[PDB]
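Heads up, the thing below is written out as structure tokens.
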Amino acid sequence: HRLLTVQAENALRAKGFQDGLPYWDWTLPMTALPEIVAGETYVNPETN
Amino acid sequence: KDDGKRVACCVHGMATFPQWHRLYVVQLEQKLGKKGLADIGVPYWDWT
């Protein structure tokens with residue numbers, strides 16, 4: 001699984017990225033799933 | 001044309017030729033980059 005994550009990072013690096021993959025933290029209690037993934041359609045004001 | 005003769009906008013034979021053309025190429029550079037590609041600019045083809 002470490003190799004899998006490393007390969008994913010190396011693959012995504014060449015697509016306009018700076019840092020590594022963020023990690024979820026499900027160890028710490030939460031009340032809702034992450035809003036980064038919850039949404040279906042998001043409004044980008046870059047294209048308005 | 002300044003006299004309304006419908007002339008071109010290309011600058012050739014005036015001192016501002018290299019400056020205008022470099023502004024043109026950087027325009028296309030930014031137009032390409034804003035579409036989502038942020039790795040390399042337009043290459044230069046050497047002929048010397």
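Letters A, B, ... go to the chains of the structure tokens in the order shown; residues in each chain start at 1; ligands are counted from 1 in the same order.
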Tell me, counting only C-alpha atoms, for each residue of chain B within 12 Å of region 33-46 of chain A, which pair of atoms is nearest and how far apart they are in Å to one decimal, in rows ordered by chain and increasing number, as CSV.
residue,atom,partner,partner_atom,distance
B:34,CA,A:46,CA,9.9
B:35,CA,A:46,CA,11.0
B:36,CA,A:46,CA,11.4
Would you write out, as a tab-separated table, a table of all residues in chain B that have an atom no more than 8 Å from an atom of chain A, listing for each the closest atom pair and the distance in Å to one decimal, considering only C-alpha atoms and ordering rows by chain and rising residue number?
residue	atom	partner	partner_atom	distance
B:37	CA	A:16	CA	7.2
B:38	CA	A:16	CA	6.0
B:39	CA	A:16	CA	6.9
Using only C-alpha atoms, pick whichever of B:8, B:41, B:46, B:2 has the shortest atom-to-atom distance to residue 25 (chain B).
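Of the candidates, the smallest distance to residue 25 (chain B) is held by B:41.
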Selection: 12 Å around residue 10 (chain B), only C-alpha atoms, excl. self and same-chain fewer than 6 positions, as a list in words:
residues 1, 16, 17, 18, 19, 20, 21 and 24 of chain B
Dump C-alpha atoms for the selected residues as a CSV table (one decimal), in the first residue's frame?
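Once everything was written out, this is result.csv:
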chain,number,residue,atom,x,y,z
B,1,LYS,CA,-6.0,52.8,-40.5
B,16,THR,CA,8.7,48.3,-32.1
B,17,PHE,CA,8.7,45.1,-34.2
B,18,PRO,CA,10.5,42.7,-31.8
B,19,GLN,CA,8.6,44.1,-28.8
B,20,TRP,CA,5.2,43.7,-30.4
B,21,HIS,CA,6.0,40.2,-31.5
B,24,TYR,CA,2.2,38.5,-29.1
I need the residues of chain B that end up classed as helix (DSSP H, G or I) by DSSP on the backbone, written out as a VMD selection string.
chain B and resid 17 to 33
Between CA of residue 7 (chain A) and CA of residue 22 (chain A), measure the distance and give it in Å to one decimal.
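Separation of CA of residue 7 (chain A) and CA of residue 22 (chain A): 14.8 Å.
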Pairwise distance for CA of residue 44 (chain B) and CA of residue 29 (chain B), rounded to one decimal in Å:
12.6 Å
